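Asker: 3D model of this:
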Amino acid sequence: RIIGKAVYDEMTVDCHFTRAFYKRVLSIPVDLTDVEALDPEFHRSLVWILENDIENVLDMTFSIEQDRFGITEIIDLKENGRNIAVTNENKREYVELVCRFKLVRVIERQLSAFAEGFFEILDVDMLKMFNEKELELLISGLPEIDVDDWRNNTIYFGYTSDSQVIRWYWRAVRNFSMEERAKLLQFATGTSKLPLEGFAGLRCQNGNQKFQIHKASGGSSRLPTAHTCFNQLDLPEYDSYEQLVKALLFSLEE
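Answerer: Numbering: from 1, shown residues only. Coordinates below:
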């Protein structure tokens, strides 16, 4: 109710949240990057399972071993799912359903209550046509971020400050509007909150961490992948500024 009234009252709040919260608010399925942020181990296991033909040596049931101290009650992820093993055809289904039920289910009642409070204060139809990244900018505000402050407090890995690829990336960010800058920051960091000190005192999930740009060691057509846990920007090799800026725009817009 408070957030709905704040958006109704055109009021900027300090209510910054994760991706899954707004995704369930917007009824958008939760992506694997959120699970990657909380645990790179399970993300690595899931991407390895999906990429490879693990059906040959799978021998796994659909249900996941979730402990409850006293005794483990088998909570099926689907109807009669214990009798259904993981196969190649539905490996994506298993991965996405495990991602959904690992964190959302223990929070699903809270999200339902928040949706009940929020949707009775704002229109469902007019807002449902937006994305989860735009919801953070809608609620917490669309800040005007300083590219100079960003680049002056940023270290680079795999390149230098005078490297051509890094200069092209910073030129693209300079040409990025407050829309594009905010969405790129959300992609790279996972939040729209701008510290008063700026990128000098930027912090991540694992404590303080200035902005870092890693090398993806991939092809030219490869798209950058960001880890919101460490504020790591995997900037791959590129051939021209146009391809780099198009890739960055596709990554931020998604």
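Asker: what's the residue located most distally from the centre of the chain in contact with, if anything?
Answerer: Relative to the C-alpha centroid of the chain, counting by C-alpha atoms, centre = their mean, residue 70 is the outermost residue, at 34.5 Å. If a contact means C-beta atoms under 8 Å, 6 or more residues apart in numbering, then residue 70 has no contacts. Every C-beta, even on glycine, is put in place using the N, C-alpha and C of the backbone.
Asker: Within the helices and strands, which one has residue 116?
Answerer: helix 105-119 (DSSP states H and E).
Asker: Just the buried residues of that helix, please?
Answerer: The neighbour-count check on helix 105-119 (16 or more other C-beta atoms under 10 Å) flags 111, 114, 118 as buried.
Asker: List just the nearest of the residues you listed to residue 75.
Answerer: residue 111 (18.4 Å; C-beta to C-beta).
Asker: Surely that closest one and residue 22 touch.
Answerer: No: Residue 111 lies out of contact with residue 22 (C-beta atoms under 8 Å); the separation is 9.7 Å.
Asker: Now do the shared contacts for these two.
Answerer: By C-beta under 8 Å, 6+ apart, no residue touches both residue 111 and residue 22.
Asker: before we move on, back to that, tell me what the helix holding residue 116 is packed against?
Answerer: helix 2-8, helix 19-25 (3 or more C-beta pairs under 8 Å, 6 or more residues apart in numbering; DSSP states H and E).
Asker: Export the last one to CSV, keeping only CA atoms.
Answerer: Meaning helix 19-25. Taking C-alpha atoms only, helix 19-25 is exported to CSV below (Å, rounded to 0.1, in the frame of the first residue of the first chain):
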residue,chain,number,x,y,z
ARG,A,19,14.8,-8.8,-9.1
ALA,A,20,12.6,-11.6,-7.9
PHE,A,21,10.5,-9.3,-5.8
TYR,A,22,9.4,-7.1,-8.8
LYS,A,23,9.4,-10.1,-11.2
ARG,A,24,6.7,-11.8,-9.0
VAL,A,25,5.0,-8.4,-8.6
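Asker: residues in contact with the helix or strand just after it?
Answerer: Reading on from helix 19-25 to the C-terminus, the next helix or strand found by DSSP H and E is helix 32-38. Outside helix 32-38, the residues that touch it by C-beta under 8 Å, 6+ apart are 18-20, 23, 42-43, 46-47, 95-96, 99, 102-103, 190, 205, 226-229.
Asker: centre of the chain versus helix 32-38, how much separation?
Answerer: Computed by C-alpha atoms, centre = their mean, to the nearest Å, the chain-centroid distance of helix 32-38 equals 7 Å.
Asker: again with stretch 121-137
Answerer: So, by C-alpha atoms, centre = their mean, the centroid of stretch 121-137 is 17 Å from its chain's centroid.
Asker: go on, stretch 178-197?
Answerer: How far stretch 178-197 lies from its chain's middle: 12 Å, per C-alpha atoms, centre = their mean.
Asker: Give the buried residues for that stretch.
Answerer: Buried, per 16+ other C-beta under 10 Å, within stretch 178-197: 180-194.
Asker: Where do the helices of the stretch 151-254 of the chain begin and end?
Answerer: For the stretch 151-254 of the chain, the helices defined by DSSP state H, counting those that start in this stretch cover 164-175, 178-189, 241-253.
Asker: Please identify which of those helices is closest to residue 14.
Answerer: helix 178-189 (15.9 Å).
Asker: Now for residue 51, how many residues are close by?
Answerer: Neighbour count of residue 51, defined by other C-beta atoms under 10 Å: 9.
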